[PDB]
Each structure stands twice: as C-alpha cells, then as structure tokens.
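Trainee: sequence-free structure coming up:
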Ligand SMILES: CSc1cccc(CC(=O)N2CCC[C@H](C(N)=O)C2)c1
Ligand SMILES: [Zn+2]
C-alpha cells in the first residue's frame, strides 16, 4: 500500500484504488496501473521533473529503504494477475531489488522529489510506475 499526495491530488496504484478514489476520480490509466483522485486537504509531497536513473525506494515487506539503479520508463510485458489480463504496462521502470505484492504503493524518490510508485515485481526485481511526466499534478 501507499500513495503520493501532491496539491489536491492523491496518486495510487489503480489496482488498489478504493471506492472513495473512484468517486473522486480525476484520471486513470489501466495501461500504467495509475489512478489519481481529488482531495480536500493539501498534500505533503513534491514531484521530481528530471531524468534520474538512480534513487531510493521504500520496501514495506522489509520496513527499509533501498538504493536502486532503474531503467527509463518503457513498455514492459506484465503477466496476467487477478487485476489485469496479460498485457504491456507502459511508463514502467525496472530495478534489481526486493519486492512482494503488498509493496505496491511504496515511493521511489531521487534528490529532486518523487519519481514513482512500486507497481510490479518478482524474482529479485521491482517495477515502478513513473509519474514525472504528469506535469498537471503541480497545478
Ligand atoms: C511475486 S513478487 C511481486 C512484487 C510486487 C508486485 C507483485 C504483483 C504484481 O506484479 N502484479 C499484481 C498486481 C498488479 C501488477 C500490475 N502492475 O499489473 C502486477 C509481485
Ligand atoms: Zn531526479
């Protein structure tokens, strides 16, 4: 679990969105596993606007942060799950690092701010949904 809170927006994994997220829907994209809902309170976070390929993510299944080198956002095949059929997930960045299903929502940050959230993983890999291209989150 986890979310990004920026301005009057809440960014979560689309497969973990609640009934309240869908009732306050701003934008969603199944191909990115992202959903953004509106909030009444002002959010705690800053979004990075950069091309960093290193950062640190929070891993809830270890209660620890880990440094990672990650690939640039790209289209990556993701096997079928209870939430989606087998498909290409876009804007996904991979890195070597521990992850389990409940780690989705953990934030990846660089020195400039929030880069994205855990969305996939397996076999010593961890995949992050990028949010740096969503310029409208800042206005
Ligand atoms: C098996 S270790 C693991 C680590 C992190 C996550 C997972 C689960 C996983 O990748 N998916 C299930 C939820 C939706 C995801 C998606 N973005 O399509 C795919 C598994
Ligand atoms: Zn950066």
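Mentor: Happy to help now that I have it. Numbers count the residues shown, from 1 in each chain. Ligands and ions are numbered 1, 2, ... in the order given.
Trainee: from here on, contacts and neighbour counts on C-alpha atoms
Mentor: Fine.
Trainee: Return the residues of this structure in contact with ligand 2.
Mentor: For the chain, the residues in contact with ligand 2 (C-alpha under 5 Å from the ion) are 50, 52, 110, 112.
Trainee: quick one, domains of this structure?
Mentor: 3-44, 45-139 (CATH domains of a matching chain).
Trainee: Help me see whether the shortest one makes contact with ligand 1, please.
Mentor: Yes: residues of domain 3-44 contacting ligand 1 under C-alpha under 6 Å from any ligand atom: residue 33.
Trainee: so how far is the first residue of that domain from its last?
Mentor: Its first and final residues considered, domain 3-44 spans 11 Å by C-alpha to C-alpha, to the nearest Å.
Trainee: one step back: format the domains of the chain as a markdown table; extra columns: mean neighbour count.
Mentor: Compiled in a markdown table, the domains of the chain are given as follows (neighbours: other C-alpha atoms under 10 Å):
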| stretch | mean neighbour count |
| --- | --- |
| domain 3-44 | 17 |
| domain 45-139 | 17 |
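Trainee: tell me the secondary structure for the most centrally placed residue in the chain?
Mentor: What sits nearest the mean C-alpha location of the chain, by C-alpha atoms, centre = their mean, is residue 117, with 2.2 Å. Assigned by DSSP: H, G, I helix; E, B strand; the rest coil, the conformation of residue 117 is strand.
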